[PDB]
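These notes concern the structure reproduced below.
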Amino acid sequence: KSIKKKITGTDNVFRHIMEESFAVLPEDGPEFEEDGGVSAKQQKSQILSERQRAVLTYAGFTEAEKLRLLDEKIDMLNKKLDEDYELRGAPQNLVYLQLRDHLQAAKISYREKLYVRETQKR
Amino acid sequence: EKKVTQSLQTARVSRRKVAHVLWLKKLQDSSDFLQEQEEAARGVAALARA
Amino acid sequence: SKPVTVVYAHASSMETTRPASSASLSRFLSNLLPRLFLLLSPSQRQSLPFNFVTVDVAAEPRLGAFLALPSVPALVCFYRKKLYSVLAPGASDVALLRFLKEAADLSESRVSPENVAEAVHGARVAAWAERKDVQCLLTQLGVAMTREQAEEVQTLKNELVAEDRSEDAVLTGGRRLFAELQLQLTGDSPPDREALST
Amino acid sequence: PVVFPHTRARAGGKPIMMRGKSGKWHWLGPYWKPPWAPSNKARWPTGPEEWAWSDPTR
Amino acid sequence: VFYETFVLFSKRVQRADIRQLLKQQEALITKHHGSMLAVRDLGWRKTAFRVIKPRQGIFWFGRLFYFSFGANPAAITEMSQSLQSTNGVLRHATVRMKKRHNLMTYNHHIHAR
Amino acid sequence: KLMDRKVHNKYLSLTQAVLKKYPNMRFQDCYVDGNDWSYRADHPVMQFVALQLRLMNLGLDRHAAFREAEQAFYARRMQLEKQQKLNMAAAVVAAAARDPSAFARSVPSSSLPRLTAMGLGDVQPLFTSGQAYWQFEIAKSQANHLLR
Amino acid sequence: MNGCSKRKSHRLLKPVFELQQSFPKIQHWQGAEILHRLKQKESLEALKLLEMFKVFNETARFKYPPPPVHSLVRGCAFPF
Amino acid sequence: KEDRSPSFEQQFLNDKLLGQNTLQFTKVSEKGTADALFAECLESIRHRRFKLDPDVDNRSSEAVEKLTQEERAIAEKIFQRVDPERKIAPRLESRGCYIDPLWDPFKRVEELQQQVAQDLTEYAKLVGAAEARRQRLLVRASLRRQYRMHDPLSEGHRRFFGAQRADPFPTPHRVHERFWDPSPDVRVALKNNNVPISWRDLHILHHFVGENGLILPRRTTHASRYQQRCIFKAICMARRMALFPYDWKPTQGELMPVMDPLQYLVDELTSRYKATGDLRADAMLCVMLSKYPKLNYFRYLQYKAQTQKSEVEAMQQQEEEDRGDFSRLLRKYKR
Amino acid sequence: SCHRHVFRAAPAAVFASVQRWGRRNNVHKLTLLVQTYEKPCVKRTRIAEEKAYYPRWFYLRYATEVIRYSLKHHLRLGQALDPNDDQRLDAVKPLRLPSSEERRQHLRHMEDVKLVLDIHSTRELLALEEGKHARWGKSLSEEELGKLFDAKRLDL
RNA sequence: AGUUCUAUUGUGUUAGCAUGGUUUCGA
């Protein structure tokens, strides 16, 4: 209203609150949080991690199936690193070379874990 | 068998009255002037005797 | 176990960086309670007449809904697992003393009234009342015990509702007459026919 | 136990509206259920709606 | 039974007048075996249209007040007539206190959700 | 014709509760004539309620019939529908003859079978809620554009 | 390979000529005037089209013609 | 690090494109529990592997229209019965309750997005940064134009393809009381949280009034017989109190119930913190808590007290290092 | 009261909107009634008569809409609805993938670049499934994945 | 059918108030 006849003799309360609120949160600070509201928070509780997804996928597998499957994977992997590009010793890429080493270490680690410490549980 | 229904009727009305007391308690708590006047009254009582 | 359990509800998690109100009441409450009985040390927690337990409102959602407190902080009392009067925040100093006085009476040394002004005034640096038992206190204690059918404890409270008082008969009169009947119907020997008729 | 229904006749009379330019009722108003009306279940088969209030305690 | 009254003040009403007005009212309450419940304030309120009250002038806004009480049912007429004679009060109404719907026990979560 | 009698239609009241708990039944068979939602014998809504009334004839109560009907139809989804879908999907993976490594003159070079394992190509899953299908079409479009 | 099993034949998809509303029969002379007013606010006329649906009532000077009987008999003769 | 610029901060999340940012995978930290090490190690095998893939997997084709004008109307109307208290929208953030996390079709996006970034090897390999910049703008334009392609039920779809409007059958206005389809916006206001509407509810009576200020009939507001009489009383009384217009609709400055002014502010702020999570709102309430202890804070306290899910999640992560997956299998073993 | 603003519109077009506004509120009807004094008896019969004619007009108005709508589209509805009618897809080409039981039979009646295209294409599929070319291409039989692979080893 | 209690109220009576057609006034 342009006319100087409205409510004038009053105290502003909104500003007071805001003014006092700068102590806990500066004006230059962020306006929004990554967590978001209820809609956003639900998402974070449903999405799974990279390591979690792998365990769930192979949860139903057993020792008799995992060991056999792994041996087949490394068997063909080596065949493509000794006679794939004829006889070479300096490939331009390190895709299969880097994957072969990682799988080999896992097999060695399994050998050390026999039962817990000793052959017998006594 | 009529006496059996007498006990049931007493229990039925008893539950209805219980809910009524809760509503009145709210008013008392929610009321500010009631408490303020009451508080003041008590204070003067002891001062006059002392 | 102690039948009276005082639950102190507060929300100090949000004020970990800048105390505004939550810590203000803790400083005064922790310094006044010990002086009136003579978070807290385990040694001094056994001499109190009620079980003082603290719970955080802004830590557990299940408990927050059960109490359903419109405000924060606020003192909530209990007696034999039952709701009791709740002291709202922002009250005067006299209100706080009142709540504590009634808390120690439900369970049933104490500071005499002559030395009450010094205890309260001296506890404010950190930065009982002369009224007898309340009428509602005795009535609330007899209504719940009659279900348990006591023998020796029931007679005591029956005798403390009529002696040199003759001041409250429209409220406590109804329970007084029925209280005597229960006692007469508890003795092993048959009751007296003449006594019941009168 | 075996009990038969009672007569549908009741005291009073049918609703009547006073004549003339002054519109007013004589005995009963518009909200009058006759004793020969059908059951409420058949008259309102739809029942309360989903957006209706479940507590008419105004 | 319990009763409620909503009084709309004017711009020409100071705090002096408000205290006086309420004190007068309490006289009647006590007379009829009653007791005041609580007194609250609602602040200012915008009016949809201009109010033209005779011998008072024209106003566009006012201060809205609310107070609860309880007395005999016959005390409503006496109270209603007193407000009209007094200056400042341009509009008022008395509403009976209901069980569920009330300004005491039911004041939260109205506009939100 | 004297033996003709009129019976009360119990499906009007029984069907109201079924849709309230599971309102995702109207989506199925929507474009077909006869079905109205402002139902045909073949509609899921009519099938589920039919078993409830039949079971009650033996002596079961109204509430007990709901539990029995829910479990009876649940097995058909997991033991027949789910098994059928999964069985068919498996065969798709085997169709890896397009890869050059499938026949020599080895590590596969194309990721065609890998994509079909997650159910994205010619092998789509079957859900129950209508919201799941609404979001599924969104994903497809998203991935389509990025290819280009 | 997850498409619909049944063909699409719903009325909503394919508009057709029908009346999705019921009303008591109205006198021919009463409805004739109403229809004329609508036409003033500017093939076969609308009055005749509505008559086939049995919308009007059987008044004194208006009766529903009987079905064709003399031009609908078609029988076959064979031994037995 | 090397010249690594993922698509997460160069392609989208600017101007128009930040409107929707759906999270695919959670983030714990950079270096920490075993989960952090696996995330980067799995990434290392990738990237360089995108270069040796063949060009046959690129099954690119034109996107033809899916839903026709006559078909989208049926789907739009049938989807309102399941939730008449809300409007249909692509709620991508709540897909977990309807789609299994493992069978989520959105997973493909994650893989695909990483590829596009990696494929931009031309930044400085062949032509240099000179021309690289130019090409970047091209991709932004393309995506912005086609932003409407992800919503067939929306009006954007039709505009793109350029199809004529639908011609629904003429529905009669006069209907029996048995059939009624009130709008979602007005349906929620009628219930009023199972509370009868009174003269104090000024923000709800503004809907049941015409331009001239007359009382609408029972065939327009679509309300029950009992509440129709109550509504007429509330609006009538408000006018006598000079709290409602007499020949026009209310203004924006009079849409507030009869309550404590301070209560309004508090209540208002709580909704914002729950929908989008405004930081400013949270701060305001914090201060007000102490300043006005005599106020209702039930909703504010409950929301904060419900943040315990973050603390418990730490225990699950801590046990994950010791192969403690038994907590997840038990929850899934429901049957 | 009604107020309208003219913006990029001819005066005649705007004037046609306000004219129809009075009909909804019966502005004209009320203006004339108050001019002349009407006896209470006449209003008793007039008020009742308006409750029978107006409802009939609404039903007839909807009927005219269908005639115009159907005229521009032709067609006509008939008694075609029958419960005893299975609405099955006509010609219905799309079907489930073969289970390998019928694949072999197909090659038996198609051996004879046009018609010989299938040769060496589907045959390699069968060999690959049995595991003849590649050691990793061997698939699983249909009789060893349902008996003790899905009915007992279910994740749930 | 009838009595008691509880929810519900454009049915009878009711003095001041608000709005409005007509009418009235012109520091």
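With respect to the numbered conditions (1) within 30 Å of residue G:8 (Cβ to Cβ); (2) assigned to a helix (DSSP H, G or I); (3) away from chain G (no Cβ under 14 Å), which one is the sole condition not fulfilled by residue I:84?
Going through (1) within 30 Å of residue G:8 (Cβ to Cβ); (2) assigned to a helix (DSSP H, G or I); (3) away from chain G (no Cβ under 14 Å) one by one, residue I:84 breaks only (2).
Quick check on the stretch G:7-58: of everything there that is more than 9 Å from chain I (Cβ to nearest Cβ), aliphatic (A, V, I, L, M) and not in a loop (DSSP other than H, G, I, E, B), which residue is farthest from residue H:166 (Cα to Cα)?
G:32
Out of I:51, I:43, which single residue is in a helix (DSSP H, G or I), more than 9 Å from every other protein chain (Cβ to nearest Cβ) and surrounded by 11 or more Cβ atoms within 10 Å (Cβ to Cβ)? Break it down into steps so the answer makes sense when it comes.
Details: I:51 fails: surrounded by 11 or more Cβ atoms within 10 Å (Cβ to Cβ).
Testing whether each residue is in a helix (DSSP H, G or I), more than 9 Å from every other protein chain (Cβ to nearest Cβ) and surrounded by 11 or more Cβ atoms within 10 Å (Cβ to Cβ) leaves just I:43.
Can you tell me which residue is surrounded by the fewest Cβ atoms within 10 Å (Cβ to Cβ) among those in the stretch E:88-100 that are under 12 Å from residue E:7 (Cα atoms) and either more than 7 Å from every other protein chain (Cβ to nearest Cβ) or more than 13 Å from RNA strand J (Cβ to nearest atom) (or both)?
Keep residues of the stretch E:88-100 that are under 12 Å from residue E:7 (Cα atoms), which gives E:88-95.
Add one more test, that the residue is either more than 7 Å from every other protein chain (Cβ to nearest Cβ) or more than 13 Å from RNA strand J (Cβ to nearest atom) (or both), and what stays is E:88-90, E:92, E:94-95.
Numbers: E:88: 19, E:89: 21, E:90: 20, E:92: 17, E:94: 14, E:95: 16.
Among residues in the stretch E:88-100 that are under 12 Å from residue E:7 (Cα atoms) and either more than 7 Å from every other protein chain (Cβ to nearest Cβ) or more than 13 Å from RNA strand J (Cβ to nearest atom) (or both), the one surrounded by the fewest Cβ atoms within 10 Å (Cβ to Cβ) is E:94.
State all residues of the stretch D:1-16 that are within 30 Å of residue I:44 (Cα to Cα) and exposed (fewer than 10 other Cβ atoms within 10 Å of the Cβ); if no residue qualifies, say none. Give the derivation first.
From the stretch D:1-16, those within 30 Å of residue I:44 (Cα to Cα) are D:12-16; that's our starting set.
Hits for the stretch D:1-16 are D:12, D:13, D:14.
Output the residues belonging to the stretch I:96-128 that are part of a loop (DSSP other than H, G, I, E, B), among the acidic types (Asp, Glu) and over 43 Å from the mean Cα position of the chain (by Cα). Break it down into steps so the answer makes sense when it comes.
So the first thing to find is which residues in the stretch I:96-128 are part of a loop (DSSP other than H, G, I, E, B), and the list is I:96-102, I:109-121.
Remaining after also requiring among the acidic types (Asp, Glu): I:101-102, I:111-112, I:118.
The answer is I:111, I:112.
In this structure, does residue D:14 turn out to be more than 8 Å from RNA strand J (Cβ to nearest atom) and within 14 Å of chain I (Cβ to nearest Cβ)?
On the way: more than 8 Å from RNA strand J (Cβ to nearest atom): yes; within 14 Å of chain I (Cβ to nearest Cβ): no.
Criteria not met by residue D:14.
Only residues in the stretch B:24-50 that are assigned to a helix (DSSP H, G or I) count as the first member; pair them with residues that are of a type in the set (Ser, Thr, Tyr), Cβ under 6 angstrom, at least 6 apart or cross-chain, and list the lot.
Here the result reads B:26/E:105, each pair linking the stretch B:24-50 to a residue that is of a type in the set (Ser, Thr, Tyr).
Quick check, is residue D:42 farther than 22 Å from residue H:177 by Cα and out of contact with any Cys (no Cβ under 7 Å at 6 or more places or on another chain)? First the steps, then the outcome.
Working: farther than 22 Å from residue H:177 by Cα: no; out of contact with any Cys (no Cβ under 7 Å at 6 or more places or on another chain): yes.
Against the criterion (farther than 22 Å from residue H:177 by Cα and out of contact with any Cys (no Cβ under 7 Å at 6 or more places or on another chain)), residue D:42 does not qualify.
Of the residues E:83, E:103, which single one is under 15 Å from the mean Cα position of the chain (by Cα) and either assigned to a loop (DSSP other than H, G, I, E, B) or away from RNA strand J (no atom under 11 Å from the Cβ) (or both)? Steps first, answer last, please.
On the way: E:83 fails: either assigned to a loop (DSSP other than H, G, I, E, B) or away from RNA strand J (no atom under 11 Å from the Cβ) (or both).
Answer to the check: E:103.
For the stretch H:240-254, which residues satisfy the criterion of being near RNA strand J (Cβ under 9 Å from one of its atoms) and either among the polar types (S, T, N, Q) or surrounded by fewer than 16 Cβ atoms within 10 Å (Cβ to Cβ) (or both)? Step through it out loud before you land on a result.
So in the stretch H:240-254, the residues near RNA strand J (Cβ under 9 Å from one of its atoms) come out as H:240-242, H:246-247.
Passing the criteria: H:240, H:246, H:247.
What are the residues in the stretch D:32-42 that are surrounded by 10 or more Cβ atoms within 10 Å (Cβ to Cβ) and more than 13 Å from RNA strand J (Cβ to nearest atom), if any?
Answer for the stretch D:32-42, where residues must be surrounded by 10 or more Cβ atoms within 10 Å (Cβ to Cβ) and more than 13 Å from RNA strand J (Cβ to nearest atom): there is none.
Does residue F:66 satisfy the condition of being away from chain H (no Cβ under 12 Å) and either surrounded by 15 or more Cβ atoms within 10 Å (Cβ to Cβ) or aromatic (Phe, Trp, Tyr) (or both)?
yes
With the stretch H:1-119 as the region, which helices (runs of 4 or more DSSP H) entirely inside it contain at least 2 residues that are within 14 Å of chain A (Cβ to nearest Cβ) and crowded, with 16+ Cβ neighbours inside 10 Å?
On the way: elements: H:34-45, H:69-78, H:107-119.
In the stretch H:1-119, H:34-45, H:107-119 are the helices (runs of 4 or more DSSP H) which contain 2 or more residues that are within 14 Å of chain A (Cβ to nearest Cβ) and crowded, with 16+ Cβ neighbours inside 10 Å.
Quick one: how many residues across the stretch E:33-57 are more than 10 Å from every other protein chain (Cβ to nearest Cβ) and within 16 Å of RNA strand J (Cβ to nearest atom)? Can you show your working first?
We begin by selecting, within the stretch E:33-57, every residue more than 10 Å from every other protein chain (Cβ to nearest Cβ); these are E:33-34, E:52-57.
Next, only the ones that are within 16 Å of RNA strand J (Cβ to nearest atom) stay: E:52-57.
Of the residues in the stretch E:33-57, 6 are more than 10 Å from every other protein chain (Cβ to nearest Cβ) and within 16 Å of RNA strand J (Cβ to nearest atom).
Of the residues that sit in the stretch F:66-88 and are small (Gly, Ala, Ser) and under 16 Å from the mean Cα position of the chain (by Cα), which one is nearest to residue I:143 (Cα to Cα)?
Our first condition is that a residue be small (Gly, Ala, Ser); within the stretch F:66-88, this holds for F:69, F:72, F:75.
Subsequent filtering for residues that are under 16 Å from the mean Cα position of the chain (by Cα) retains F:72, F:75.
Working: F:72: 26, F:75: 21 Å.
Applying the filter and picking the extreme gives F:75.
Could you grab me the full set of residues in the stretch E:15-43 that are out of contact with any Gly (no Cβ under 9 Å at 6 or more places or on another chain) and part of a loop (DSSP other than H, G, I, E, B)?
Scanning the stretch E:15-43 gives E:32, E:33.
What are the residue pairs meeting all of these: first residue in the stretch H:78-101, first residue of a type in the set (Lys, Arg), second residue assigned to a loop (DSSP other than H, G, I, E, B), Cβ atoms under 8 Å, and 6 or more apart or on different chains?
Filtered contacts from the stretch H:78-101: H:81/F:26; H:81/F:37; H:95/H:104; H:95/H:106.
For residue C:63, state whether it is in a helix (DSSP H, G or I), aliphatic (A, V, I, L, M) and within 20 Å of the chain's Cα centre (by Cα).
Values: in a helix (DSSP H, G or I): yes; aliphatic (A, V, I, L, M): yes; within 20 Å of the chain's Cα centre (by Cα): no.
Considered against the rule, which asks whether it is in a helix (DSSP H, G or I), aliphatic (A, V, I, L, M) and within 20 Å of the chain's Cα centre (by Cα), residue C:63 comes out as no.
Six or more apart or on different chains, Cβ under 9 Å: which pairs go from a residue in the stretch I:27-39 that's acidic (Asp, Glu) to one that's away from RNA strand J (no atom under 13 Å from the Cβ)? Could you list them?
Within 9 Å, the pairs are I:38/I:46.
Does the stretch H:218-239 hold any residues that are more than 10 Å from RNA strand J (Cβ to nearest atom) and either assigned to a loop (DSSP other than H, G, I, E, B) or under 25 Å from residue E:51 (Cβ atoms) (or both), and which are they?
Of everything in the stretch H:218-239, those that are more than 10 Å from RNA strand J (Cβ to nearest atom) and either assigned to a loop (DSSP other than H, G, I, E, B) or under 25 Å from residue E:51 (Cβ atoms) (or both) turn out to be H:222, H:223, H:224, H:234, H:235, H:237, H:238.
Restricting the search to the stretch F:91-117, which residues are outside any helix (DSSP H, G or I) and at the interface with chain H (Cβ under 7 Å from one of its Cβ atoms)? Show your work before the answer.
Taking the stretch F:91-117 first, the residues outside any helix (DSSP H, G or I) are F:95-99, F:103-111.
F:109, F:110, F:111, listed by residue number.
Scan the stretch C:94-109 for residues that are exposed (fewer than 12 other Cβ atoms within 10 Å of the Cβ) and in contact with a helix residue (DSSP H, G or I) (Cβ under 7 Å, 6 or more places away or on another chain) and report the count.
Start the filter on the stretch C:94-109 by keeping residues that are exposed (fewer than 12 other Cβ atoms within 10 Å of the Cβ), which leaves C:108-109.
So of that shortlist, the ones also in contact with a helix residue (DSSP H, G or I) (Cβ under 7 Å, 6 or more places away or on another chain) come out as none.
Total meeting the criteria: 0.
Please go through the stretch H:246-271 and pick out each residue that is in a helix (DSSP H, G or I) and in contact with a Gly (Cβ under 8 Å, 6 or more places away or on another chain).
Residues of the stretch H:246-271 that are in a helix (DSSP H, G or I), as a first pass: H:252-254, H:261-271.
If the condition is that a residue be in a helix (DSSP H, G or I) and in contact with a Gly (Cβ under 8 Å, 6 or more places away or on another chain), then H:261 is the only one that fits.
When you scan the stretch D:17-31, do you find a residue that is under 30 Å from residue H:181 (Cβ atoms), surrounded by fewer than 10 Cβ atoms within 10 Å (Cβ to Cβ), within 9 Å of RNA strand J (Cβ to nearest atom) and under 21 Å from the mean Cα position of the chain (by Cα), even just one?
Taking the stretch D:17-31 and keeping what is under 30 Å from residue H:181 (Cβ atoms), we get D:30-31.
Of the ones still in play, those that are also surrounded by fewer than 10 Cβ atoms within 10 Å (Cβ to Cβ) are D:30-31.
Cutting the leftovers down to within 9 Å of RNA strand J (Cβ to nearest atom) gives us D:30-31.
From what is left, the residues that are under 21 Å from the mean Cα position of the chain (by Cα) are D:30-31.
Yes, the stretch D:17-31 contains at least one residue that is under 30 Å from residue H:181 (Cβ atoms), surrounded by fewer than 10 Cβ atoms within 10 Å (Cβ to Cβ), within 9 Å of RNA strand J (Cβ to nearest atom) and under 21 Å from the mean Cα position of the chain (by Cα).
All but one of (1) of a type outside the set (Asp, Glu); (2) in a loop (DSSP other than H, G, I, E, B); (3) under 18 Å from residue F:107 (Cα atoms); (4) within 14 Å of chain H (Cβ to nearest Cβ) hold for residue A:60; state the number of the condition that does not hold.
Going through (1) of a type outside the set (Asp, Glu); (2) in a loop (DSSP other than H, G, I, E, B); (3) under 18 Å from residue F:107 (Cα atoms); (4) within 14 Å of chain H (Cβ to nearest Cβ) one by one, residue A:60 breaks only (3).
Conditions: (1) loosely packed, with under 10 Cβ neighbours inside 10 Å; (2) away from RNA strand J (no atom under 16 Å from the Cβ); (3) within 21 Å of residue E:106 (Cβ to Cβ). Residue B:32 meets all but one. Number of the miss?
Looking at each condition in turn, residue B:32 falls short on (1).
Are any residues in the stretch I:141-156 facing chain F (nearest Cβ under 9 Å) and surrounded by 12 or more Cβ atoms within 10 Å (Cβ to Cβ), and if so, which ones? Show your work before the answer.
Start the filter on the stretch I:141-156 by keeping residues that are facing chain F (nearest Cβ under 9 Å), which leaves I:142, I:145-146, I:150-151, I:154, I:156.
Residues satisfying the conditions are I:142, I:145, I:146, I:150.
Quick test for you: out of H:277, H:324, pick the one residue that is more than 14 Å from chain C (Cβ to nearest Cβ), touching a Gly at 6+ places or on another chain (Cβ under 8 Å), farther than 30 Å from residue A:1 by Cα and more than 16 Å from RNA strand J (Cβ to nearest atom). Please lay out each step first, then the result.
On the way: H:324 fails: touching a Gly at 6+ places or on another chain (Cβ under 8 Å).
Exactly one of H:277, H:324 is more than 14 Å from chain C (Cβ to nearest Cβ), touching a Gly at 6+ places or on another chain (Cβ under 8 Å), farther than 30 Å from residue A:1 by Cα and more than 16 Å from RNA strand J (Cβ to nearest atom), namely H:277.
FYI, it's all coordinate maths here, none of it is from the lab. Here the Cβ is made from the backbone with ideal geometry for all residues, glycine too, and neighbour counts use every protein chain on show.
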